[PDB]
Amino acid sequence: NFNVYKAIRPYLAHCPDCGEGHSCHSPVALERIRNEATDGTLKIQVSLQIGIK
Amino acid sequence: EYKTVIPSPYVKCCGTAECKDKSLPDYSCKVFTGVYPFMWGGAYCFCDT
Amino acid sequence: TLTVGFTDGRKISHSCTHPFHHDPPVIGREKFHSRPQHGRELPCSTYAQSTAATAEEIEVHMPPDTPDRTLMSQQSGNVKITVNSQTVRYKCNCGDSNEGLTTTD
Amino acid sequence: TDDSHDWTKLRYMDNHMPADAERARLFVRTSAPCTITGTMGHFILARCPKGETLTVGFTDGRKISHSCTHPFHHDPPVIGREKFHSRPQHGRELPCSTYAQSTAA
Amino acid sequence: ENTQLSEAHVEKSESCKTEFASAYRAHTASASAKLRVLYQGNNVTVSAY
Amino acid sequence: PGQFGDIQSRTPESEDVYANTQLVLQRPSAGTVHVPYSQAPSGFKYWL
Amino acid sequence: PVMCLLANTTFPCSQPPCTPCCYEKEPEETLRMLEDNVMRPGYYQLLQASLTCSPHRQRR
Amino acid sequence: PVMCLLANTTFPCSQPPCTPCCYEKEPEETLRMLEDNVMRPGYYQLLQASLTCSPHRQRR
Amino acid sequence: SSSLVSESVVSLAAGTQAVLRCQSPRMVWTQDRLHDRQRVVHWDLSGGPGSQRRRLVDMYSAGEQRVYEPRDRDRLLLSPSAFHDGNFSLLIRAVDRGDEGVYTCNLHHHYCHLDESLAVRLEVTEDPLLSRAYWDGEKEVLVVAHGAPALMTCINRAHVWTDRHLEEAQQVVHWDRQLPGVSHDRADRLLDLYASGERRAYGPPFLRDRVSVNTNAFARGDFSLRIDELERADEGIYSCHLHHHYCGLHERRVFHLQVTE
Amino acid sequence: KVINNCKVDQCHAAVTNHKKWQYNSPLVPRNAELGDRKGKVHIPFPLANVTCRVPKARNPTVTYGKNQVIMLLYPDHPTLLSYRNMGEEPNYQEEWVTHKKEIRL
Ligand SMILES: *[C@@H]1O[C@H](CO)[C@@H](O)[C@H](O)[C@H]1NC(C)=O
Ligand SMILES: *[C@@H]1O[C@H](CO)[C@@H](O)[C@H](O)[C@H]1NC(C)=O
């Protein structure tokens, strides 16, 4: 049942810019943006993981 | 489309790392000196300068 | 811009922006907003909702550190490095230890 | 009003009645929303993107949302040579000016 | 019978402590400079008017 | 380099790409930990 | 099926020396296995055997 | 030293005539204090001694 | 002026490089304000010399308290406005025999690198007439009947812990120069290095080319004066001045530069 | 108060305020019978100088032309380029670019 992030050897987190001018410390730091889908939707890559405990 | 591949940086704490020549397309490497790292509890390194 | 916002465990929302200009590359000879009802065929491409995507590399590695000197209590010239269920590398540039990696304070 | 500084409340007058409300009921837009940063007394220091009017809104004790609206061309002073996105991770340092976050002038 | 007096004028702001601009008179300058002489394997650099 | 057509592989399943993208890695400024570089001209956006 | 080799034992790729619950027993053997054997799709079946393992908690 | 004046008495601008928190005992004398010593920042210290002070009912 | 820390004599040769060491981990700051008003309060519980202290509850500056054990929800309570008056007291709704031990209230300020803590011993009895609050000589000890609440006081009303100013951005290091014969207070300013990045160099061009501080000074905490190509006319009293006015740090190091061997 | 035989248009209650006070703006008028009367407490939030992270510009590509220069620029947003001669006179020219252009000087 796709337990996909058990084997994630870690980076103890940080965000370079959450907005607000200055920096912060959170794994809401997105790493990259995928955009080339010709329909116009976006695939975004945040550093936190969702859904699976 | 390409992918500008940026691997994880290599902070040599209290030491000067040297260039690992890797035969990669548009490969580029540089060891920057006199950096300061930091994290949750202040500095990521005990090292100073 | 792009702006993605999460919320803390104490219900504290925090935004996150990275400078990226979104443009829509508009498709075909119609220059519009959204999918209407009276539409026509357009061969587009998008990310499918399937999860099993095949062998895409994201670099995960060794944990760099978490420098946690907050628990290092100064017991009047004595550094009790409190661990609290962890594996603390300590670099004591003094007597009574030089370096090490402990699990007990 | 008791010669104190309780940060949870306010006052607002309605028909010979000075009525109070909650601090955190404040939501401002130009046509796009803004950033609630400095809130004391009369004064709201706020960062806000481009618009052509301004509307500040809040809600009452009976949950009555009221909004002041003024048609005012808001634009930022352009700083540096760029007409850029926002502040990035890597830029340079140019002097400018900001309303200070002091308590009492 | 209700009338109303209306009066207004203009003054300075609190902007003037930092935001202003000097109209200014400029005439003859100070010829200051710097020169480095490599006298006999000795790079000596001086700065004066 | 930078023209639409810098990225060059032989077949679509071939990954041997000759490309000239001009990554001159900038110095991260002071205390911040990231990897700024000289910006990469993406030909494939303005192919379209 | 195919055999993954940890330079000492040429075990089957979905049958490691840690059957079952590979990472769930300890993380460091999975750390070393991702360190050396990352070149193998049979090791990605072993990655499944660390990710979609179906251990004793799962019904499969 | 700076001395305020409510037109009959020259109390100092650090000693108000309704010391302290003069408003919460009598408003109109504070209003006349405003209209009189508008010219004084020592009166702004007097209002500091009349608003951000420690009255007989509060110890702030 | 400043509080002095180390006074030393340095004798060096003409044409060499002087290094007047002035370093401080407590003056380190960066050209970003990345959580530079980040504070944390946390309460820990320990149980004698042969037990390990355990974290119960914490709270970040401008945030709400976080409980670590689901059992302890609505049981361990802090004042949500702790950061307004410095009242970090912890209320335990109902105590039991297992609750005995030393509780520590910990304040930490990441900007000034300050930490302050207080201990309280909780002793839970069964008789309410034995219930008292007393000072054992170095800590408050609270005697509480079982099932009664225990309000463990942690009050520190200093301005550095409450949300007063603490937006200073005025860490500053000064390099000063006192030439021979001239008395102090009329000492000539040589260099100003501001935490924001702004720099002030003083003097004729003859001096500015030979006197420098490394460009990543606040990043690495190195404010050492480097004097290249020592001349006899360079001798004198140099002083490094570290100033954090809000947290009250005023330190100086003084170097008597002599030109000899 | 009881006032003998005056209807609602003939009467006018006006509750004079000398205790309860919700402050306002000097665009709205004063008392109808008063001249000068002041009350003076300052306003908060001054302004201070600061220095901000403006972006750095995007490095374009160059080469020789026959006592000329070929320069291909890629912008990310429209930005001004400019040029001058360092001789007896500048002849300096300033332009904006929005998209990726080859400019020869
Ligand atoms: C002297 O300065 C010149 C440049 O003016 C430089 O090229 C040379 O290496 C220097 N030599 C010495 C001995 O300092
Ligand atoms: C400090 O906090 C506790 C929390 O219960 C509260 O009971 C107490 O009254 C507070 N002290 C003051 C002086 O407000």
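Residues numbered from 1 in each chain as written, not as in the entry; some residues may be left out. Chains lettered and ligands numbered in written order. Part of a larger assembly, values for the part shown. Heavy atoms only, no water. Residues with missing side-chain atoms left out of burial classes, pairs and counts.

In the annotation of the PDB entry, chain I is listed under the name Matrix remodeling-associated protein 8 and assigned to Mus musculus. What UniProt states about chain I under its Subunit (literature references left out) heading is, verbatim, "Homodimer in cis. Does not appear to form trans-homodimers. Interacts with ITGB3; the interaction inhibits ITGAV:ITGB3 heterodimer formation." (UniProt positions renumbered as here; feature names shortened; annotations may be inferred.)

Per the PDB entry, the recorded name for chain F is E1 glycoprotein, and the organism is Chikungunya virus.

> Would you take a moment to explain the overall build of chain F for this structure?
A count of helical and extended segments in chain F gives one helix and zero strands. Principal-axis analysis of the C-alpha atoms places the extent of chain F at approximately 45 × 20 × 15 Å. Classification of the 48 residues of chain F by burial places 31% in the buried group. Partitioning the contacts of chain F with sequence separation of at least 6, the portion at a separation of at least 24 is 17%. (Helix = DSSP H or I, 4+ residues; strand = E, 2+ residues; numbered from the N terminus. Buried < 20%, exposed > 50% of the residue type's maximum accessible area, 1.4 Å probe, protein only. Contact = heavy atoms within 4.5 Å.)

> Any chance you could explain the site of ligand 1 here in plain terms?
All names here are of chain E. In the region of ligand 1, the neighbouring residues are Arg 36, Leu 38, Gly 41 and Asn 43. Considering ligand 1 on its own, with 360 Å² of exposed area, one finds that the protein chains cover 37% of that surface. When its residues are assigned to classes, the shell around ligand 1 shows one nonpolar, two polar and one charged. (Near = heavy atom within 4 Å. Areas by Shrake-Rupley, 256 points an atom, 1.4 Å probe, with all protein chains shown as cover. Nonpolar A, V, L, I, M, F, W, Y, C, P; charged D, E, K, R; others polar.)

> Before we go on, may I ask you to explain the arrangement of the chains in this structure?
Ranking the 21 pairs of chains in contact by contact count places chains D and J at the top. At the C-alpha level, the nearest point of chain G lies 57 Å from chain H, with no contact between them.

> Mind showing me how you'd approach the interface of chain B and chain I here?
As a measure of interface size, the accessible area lost when the parts come together is often cited. Listed per partner, the contact involves eight residues of chain B and seven residues of chain I. When chain B packs against chain I, close to 690 Å² is buried across both sides, 57% of that on carbon and sulfur atoms. Broken down residue by residue, the surface that chain B buries against chain I is led by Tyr 36, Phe 38 and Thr 49 of chain B, which jointly contribute 55%. Viewed at the interface, chain I and chain B are joined by zero salt bridges. The interface formed by chain B and chain I includes two residue pairs in polar contact. (Buried area = accessible area lost by both parts, 1.4 Å probe. Salt bridge = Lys/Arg side-chain N within 4 Å of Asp/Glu carboxyl O. Polar contact = N/O pair within 3.5 Å; in protein donor to acceptor, adjacent residues only side chain to side chain.)

> Honestly, the pairing of strand β19 (residues 249-259) of chain I in this entry has me stumped. Any pointers?
Working note: regular strand, side chains alternate between the two faces of the sheet. Residue and element names in this part refer to chain I. In the sheet, strand β1 (residues 3-12) pairs with β19 via nine bridges, with the strands oriented parallel. The residue bridging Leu 12 from the neighbouring strand is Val 259, located in β19. With nine bridges connecting them, strand β18 (residues 236-244) and β19 associate as antiparallel partners. Note that in β19 the partner of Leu 242 across the bridge is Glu 251. In this antiparallel pair of consecutive strands, β18 and β19, the connection spans four residues, and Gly 248 shows a positive phi of 70°. (Pairing = 2+ DSSP bridges.)

> How should I be thinking about the pattern of salt bridges in this particular structure?
The tally for this structure, following the rule as stated, stands at 27 salt bridges over all chains. Here the salt bridges share partners, and the residues they tie into one network are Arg 71, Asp 72, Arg 75, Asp 96 and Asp 99 of chain I.

> What is the right way to look at a nonpolar patch on the surface in this model?
A grouping of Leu 35, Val 37, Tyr 39, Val 44 and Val 46 of chain E together with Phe 206 of chain I is seen on the molecular surface, where their side chains present a nonpolar patch of about 520 Å² in accessible area. Elements supplying a minimum of two residues to the nonpolar patch: β1 (33-39) and β2 (42-48) of chain E. It is β1 of chain E that contributes the most residues to the nonpolar patch, three residues altogether. With respect to the element layout, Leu 35 of chain E can be found in strand β1. (Patch = residues over 30% accessible without salt bridge, like charges linked within 9 Å, V, L, I, M, F, W, Y side chains within 5 Å.)

> Please clarify how the interface of chain D and chain J should be interpreted in this entry.
Chain D puts 34 residues into the contact, and the matching count from chain J is 29 residues. A combined buried area of about 3200 Å² lies between chain D and chain J, and 60% of that area is made up of carbon and sulfur atoms. Looking at the side of chain D facing chain J, the largest losses of area belong to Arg 11, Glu 82 and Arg 92 of chain D, adding up to 17% of the total buried there. Where chain D meets chain J, there are 16 residue pairs in polar contact. Secondary structure elements with two or more residues in the side of chain D that touches chain J: β4 (35-40), β5 (43-47) and β8 (91-99) of chain D.

> Explain the sheet that holds strand β2 (residues 61-65) of chain J here, please?
Backbone-to-backbone hydrogen bonds join strands into a sheet, with any given pair of strands oriented parallel or antiparallel. Residue and element names in this part refer to chain J. One open sheet holds the three strands; their spatial order is β2-β3-β6, and the pairing between them is antiparallel. Strands at the two margins of the open sheet, each flanked by one partner only, are β2 and β6 (101-104). Pairwise comparison of adjacent strand axes, ignoring direction, gives a mean angle of 20° for this sheet. Sheet topology places strand β3 (residues 68-73) next to β6; four bridges connect them, and they run antiparallel. Directly across from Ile 70, in β6, lies its bridge partner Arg 104. (Axes fitted to C-alpha atoms, helices over the stretch in contact; angles between N-to-C directions.)

> I keep staring at the state of the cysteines and nothing clicks. Help me out?
When the sulfur atoms of two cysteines share a covalent bond, that bond is a disulfide. Within the structure shown, the criterion is met by nine disulfides over all chains. The partner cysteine of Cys 4 of chain G in its disulfide is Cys 13 of chain G, sulfur to sulfur 2.0 Å. Between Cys 4 of chain G and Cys 13 of chain G the disulfide shows an S-S torsion of about 100°. By sign, it is right-handed. Relative accessible area serves as the criterion here: at 3%, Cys 4 of chain G is assigned to the buried category. On the accessibility criterion, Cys 13 of chain G (2% relative accessible area) is buried. Two residues, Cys 112 of chain I and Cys 247 of chain I, share a disulfide whose sulfurs are 2.0 Å apart. In this structure the cystine formed by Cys 112 of chain I and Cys 247 of chain I twists about its S-S bond by roughly 75°; its chirality is therefore right-handed. With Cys 112 of chain I in the loop between β8 (101-109) and β9 (114-125) and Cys 247 of chain I in the loop between β18 and β19, the pair connects residues that are 135 residues apart, well separated along the chain. Classification of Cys 112 of chain I as buried rests on a relative accessible area of 4%. By relative accessible area, which is 18% here, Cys 247 of chain I ends up buried. (Disulfide = S-S within 2.5 Å.)

> When you look at a negative patch on the surface in this model, what are you seeing that I'm missing?
Together, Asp 209, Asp 228, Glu 229 and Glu 231 of chain I make up a negatively charged patch on the protein surface. Its place among the elements puts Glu 229 of chain I in the loop between β17 (225-227) and β18. (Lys, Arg positive; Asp, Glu negative; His and termini not counted. Charge placed at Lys NZ, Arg CZ, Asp CG, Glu CD.)

> Would you mind going over the environment of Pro 95 of chain D with me for this structure?
Within the fold, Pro 95 of chain D resides in strand β8. A C-alpha to C-alpha distance of 9.2 Å links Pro 95 of chain D and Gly 80 of chain D, two positions 15 residues apart in sequence. Excluding anything up to four places from it in sequence, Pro 95 of chain D contacts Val 50 and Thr 51 of chain J.

> What's the story with the nonpolar core in this structure? I'm lost.
Looking at soluble globular proteins, one finds that nonpolar side chains tend to be buried together. By size, the foremost hydrophobic cluster in this structure holds 55 residues, and its most contacted members are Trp 43, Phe 88, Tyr 103, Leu 122 and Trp 175 of chain I. Once residues within four sequence positions are removed from consideration, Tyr 103 of chain I is found in contact with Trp 43, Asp 44, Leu 45, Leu 56, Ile 92, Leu 118, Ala 119, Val 120, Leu 122 and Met 152 of chain I. Counting residues in each nonpolar core, the second largest holds ten residues, with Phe 11, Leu 31, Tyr 43 and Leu 47 of chain H among its members. (Core = buried A, V, L, I, M, F, W, Y, C linked by side-chain atoms within 4.5 Å.)

> Even after reading the chapter, I still don't get the layout of surface pockets, so can you show me in this structure?
Where empty space is left becomes clear once a probe the size of a water molecule has been rolled over the atoms. Residue and element names in this part refer to chain C. Taken as a whole, the second largest pocket encloses approximately 680 Å³ of empty space. As for the second largest pocket, its lining consists of 22 residues, of which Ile 27, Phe 32, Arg 35, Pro 36 and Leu 42 are closest to the centre. The residue inventory of the lining of the second largest pocket, partitioned by class, reads nine nonpolar, seven polar and six charged. (1 Å grid on protein atoms, 1.4 Å probe; cavity = no way out; pocket = protein on both sides within 12 Å on 5 of 7 lines; lining within 4 Å. Points joined across faces, edges and corners; volume = space filled by probe spheres on them.)

> It is not clear to me how the packing of aromatic side chains should be interpreted in this structure. Could you clarify?
One pair of aromatic rings is described through two measures. These are the centre distance and the angle between the planes. Tallied over the full model, the rule gives nine aromatic pairs over all chains. Seen in terms of ring centroids, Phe 4 of chain F and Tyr 46 of chain F are 6.4 Å apart; in terms of plane orientation they differ by 70°. Their pairing is edge-to-face. Remark: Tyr 46 of chain F occurs in helix α1 (residues 43-46) and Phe 4 of chain F occurs in the segment before α1; sequence separation between them is 42 residues. By relative accessible area, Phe 4 of chain F is classed as partly exposed at 37%. For the pair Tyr 23 of chain H and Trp 21 of chain J, a centre-to-centre distance of 5.6 Å together with 55° between the ring planes defines the contact as tilted. A residue pair is termed interchain when its members come from two chains, as with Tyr 23 of chain H in the segment before α1 (27-36) and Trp 21 of chain J in the segment before β1 (47-55). With a relative accessible area of 27%, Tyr 23 of chain H lands in the partly exposed category. Relative accessible area serves as the criterion here: at 33%, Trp 21 of chain J is assigned to the partly exposed category. The structure contains a cluster of three or more aromatic residues connected by ring pairs, namely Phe 4, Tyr 46 and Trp 47 of chain F. (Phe/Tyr/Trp six-rings, centres within 6.5 Å; stacked < 30°, edge-to-face > 60°.)

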